[PDB]
file structure27.cif (mmCIF, C-alpha atoms)
data_coords
loop_
_atom_site.label_atom_id
_atom_site.label_comp_id
_atom_site.auth_asym_id
_atom_site.auth_seq_id
_atom_site.Cartn_x
_atom_site.Cartn_y
_atom_site.Cartn_z
CA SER D 22 13.09 2.89 -43.05
CA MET D 23 15.57 4.36 -45.40
CA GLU D 24 12.86 6.79 -46.75
CA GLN D 25 12.35 8.10 -43.12
CA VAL D 26 16.09 8.70 -42.80
CA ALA D 27 16.21 10.57 -46.14
CA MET D 28 13.28 12.78 -45.03
CA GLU D 29 15.14 13.42 -41.75
CA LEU D 30 18.29 14.43 -43.59
CA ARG D 31 16.28 16.92 -45.77
CA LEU D 32 14.81 18.37 -42.50
CA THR D 33 18.31 18.61 -41.04
CA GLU D 34 19.57 20.43 -44.10
CA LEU D 35 16.52 22.80 -44.10
CA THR D 36 17.35 23.52 -40.42
CA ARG D 37 20.93 24.43 -41.38
CA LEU D 38 19.74 26.82 -44.07
CA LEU D 39 17.09 28.38 -41.68
CA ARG D 40 19.77 28.88 -38.99
CA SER D 41 21.83 30.95 -41.44
CA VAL D 42 18.65 32.90 -42.50
CA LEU D 43 17.81 33.45 -38.82
CA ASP D 44 21.28 34.83 -38.12
CA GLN D 45 21.09 37.16 -41.08
CA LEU D 46 17.64 38.49 -40.05
CA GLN D 47 18.65 39.03 -36.47
CA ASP D 48 21.65 41.11 -37.60
CA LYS D 49 19.10 43.53 -39.04
CA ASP D 50 17.99 44.17 -35.41
CA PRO D 51 21.16 45.56 -33.92
CA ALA D 52 19.23 47.20 -31.08
CA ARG D 53 18.00 43.71 -29.99
CA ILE D 54 14.38 44.99 -29.83
CA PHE D 55 13.14 41.61 -31.06
CA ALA D 56 15.64 39.31 -29.31
CA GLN D 57 13.47 38.15 -26.45
CA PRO D 58 9.71 37.76 -25.59
CA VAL D 59 7.82 40.83 -24.50
CA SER D 60 7.91 40.51 -20.66
CA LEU D 61 4.44 40.06 -19.08
CA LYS D 62 5.87 41.38 -15.82
CA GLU D 63 6.78 44.65 -17.60
CA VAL D 64 3.79 44.78 -20.09
CA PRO D 65 1.04 43.02 -18.10
CA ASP D 66 -1.73 43.75 -20.62
CA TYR D 67 0.27 42.39 -23.61
CA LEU D 68 -1.83 39.29 -24.22
CA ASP D 69 -5.04 41.33 -24.29
CA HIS D 70 -3.55 42.99 -27.41
CA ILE D 71 -1.34 40.32 -29.06
CA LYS D 72 -2.68 36.83 -29.32
CA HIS D 73 0.38 35.07 -30.73
CA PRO D 74 3.61 36.70 -29.37
CA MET D 75 6.83 35.95 -31.13
CA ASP D 76 10.53 36.84 -30.84
CA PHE D 77 13.93 35.63 -32.12
CA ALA D 78 14.76 33.48 -29.02
CA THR D 79 11.47 31.63 -29.31
CA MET D 80 12.13 31.02 -33.06
CA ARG D 81 15.63 29.79 -32.26
CA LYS D 82 14.19 27.21 -29.75
CA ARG D 83 11.78 25.94 -32.40
CA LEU D 84 14.52 25.83 -35.01
CA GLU D 85 16.94 23.81 -32.87
CA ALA D 86 14.20 21.22 -32.21
CA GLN D 87 13.77 21.02 -36.04
CA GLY D 88 10.33 22.47 -35.56
CA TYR D 89 10.06 24.27 -38.94
CA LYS D 90 9.01 21.76 -41.70
CA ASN D 91 9.23 24.31 -44.50
CA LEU D 92 10.23 27.95 -45.12
CA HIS D 93 6.55 29.11 -45.02
CA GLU D 94 6.33 28.12 -41.30
CA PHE D 95 9.51 30.05 -40.50
CA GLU D 96 8.37 33.12 -42.40
CA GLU D 97 5.05 33.02 -40.55
CA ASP D 98 6.90 33.33 -37.23
CA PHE D 99 9.13 36.15 -38.59
CA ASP D 100 6.10 38.04 -39.80
CA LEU D 101 4.47 37.75 -36.35
CA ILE D 102 7.50 39.49 -34.83
CA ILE D 103 6.99 42.47 -37.20
CA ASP D 104 3.21 42.53 -37.31
CA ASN D 105 2.69 42.25 -33.51
CA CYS D 106 5.08 45.19 -33.00
CA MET D 107 3.38 47.33 -35.64
CA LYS D 108 0.02 46.86 -33.91
CA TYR D 109 1.03 47.35 -30.25
CA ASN D 110 3.29 50.28 -30.87
CA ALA D 111 2.45 53.57 -32.59
CA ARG D 112 4.12 54.87 -35.76
CA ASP D 113 6.12 57.51 -33.92
CA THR D 114 7.99 54.96 -31.75
CA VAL D 115 11.45 53.45 -31.90
CA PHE D 116 9.76 50.03 -31.71
CA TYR D 117 7.46 50.51 -34.75
CA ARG D 118 10.32 52.00 -36.73
CA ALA D 119 12.67 49.10 -35.87
CA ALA D 120 10.04 46.69 -37.16
CA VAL D 121 9.66 48.56 -40.46
CA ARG D 122 13.46 48.46 -40.97
CA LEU D 123 13.63 44.73 -40.07
CA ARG D 124 10.82 43.97 -42.49
CA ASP D 125 12.42 45.93 -45.33
CA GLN D 126 15.92 44.54 -44.80
CA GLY D 127 14.72 40.98 -44.12
CA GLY D 128 12.71 40.89 -47.40
CA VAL D 129 15.98 40.73 -49.33
CA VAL D 130 17.28 37.77 -47.27
CA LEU D 131 14.00 35.85 -47.49
CA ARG D 132 13.77 36.40 -51.25
CA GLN D 133 17.04 34.49 -51.87
CA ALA D 134 16.24 31.92 -49.14
CA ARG D 135 13.09 30.94 -51.09
CA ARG D 136 15.14 30.51 -54.27
CA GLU D 137 17.66 28.26 -52.30
CA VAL D 138 14.96 26.15 -50.73
CA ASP D 139 13.32 25.56 -54.13
CA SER D 140 16.67 25.08 -55.89
CA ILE D 141 18.28 22.49 -53.47
CA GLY D 142 14.77 21.02 -52.86
#
call {"tool": "encode", "arguments": {"input": "structure27.cif", "output": "structure tokens"}}
result
Amino acid sequence: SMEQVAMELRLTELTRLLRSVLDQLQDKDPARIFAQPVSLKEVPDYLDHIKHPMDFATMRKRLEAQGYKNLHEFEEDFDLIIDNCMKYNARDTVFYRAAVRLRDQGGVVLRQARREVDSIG
């Protein structure tokens, strides 16, 4: 149907906007701490601690399959990156501190992304 096509075009355009958001958030991680999944070879107990692991590569796979239907779903995954790190790692670590900085800097980006999503529809 033509309605199905229109819905698919809206999803395509949301995907474009989320790719730009994703790029902007990942620039706030210049150490690449959050670039890839925590390795279960290197942290074998990880899944005993963290039930839903997340990282930027995993988000990028979902994004390119048009797997985010709305901004809320995308923000959920971003928040898991931060929140998982802040639980597994202590306050005095480079990891915890990178997460705090990513959260704080990413808040700005996500604030205007929400306005854009609402505005363009």
call {"tool": "resolve_selection", "arguments": {"input": "structure27.cif", "expression": "the PyMOL selection byres ((chain D and resi 131) around 10)", "output": "ChimeraX atom specification"}}
result
/D:39,42-43,45-46,92,96,126-130,132-137
call {"tool": "atom_distance", "arguments": {"input": "structure27.cif", "atom1": "atom CA of residue D:73", "atom2": "atom CA of residue D:34"}}
result
27.6 Å
call {"tool": "resolve_selection", "arguments": {"input": "structure27.cif", "expression": "the PyMOL selection byres ((chain D and resi 102) around 12)", "output": "PyMOL selection string"}}
result
chain D and resi 46-47+50+54-59+71-80+95-101+103-109+116-117+119-121+123-124+127
call {"tool": "residues_around", "arguments": {"input": "structure27.cif", "residues": "residue D:91", "least_positions_apart": "6", "cutoff": "9 Å", "atoms": "only C-alpha atoms", "output": "number ranges by chain"}}
result
D: 32, 35, 138
call {"tool": "atom_distance", "arguments": {"input": "structure27.cif", "atom1": "atom CA of residue D:28", "atom2": "atom CA of residue D:84"}}
result
16.5 Å
call {"tool": "atom_distance", "arguments": {"input": "structure27.cif", "atom1": "atom CA of residue D:122", "atom2": "atom CA of residue D:141"}}
result
29.2 Å
call {"tool": "closest_residue", "arguments": {"input": "structure27.cif", "among": "D:33, D:118, D:90, D:139", "to": "residue D:52", "atoms": "all atoms listed in the file"}}
result
D:118
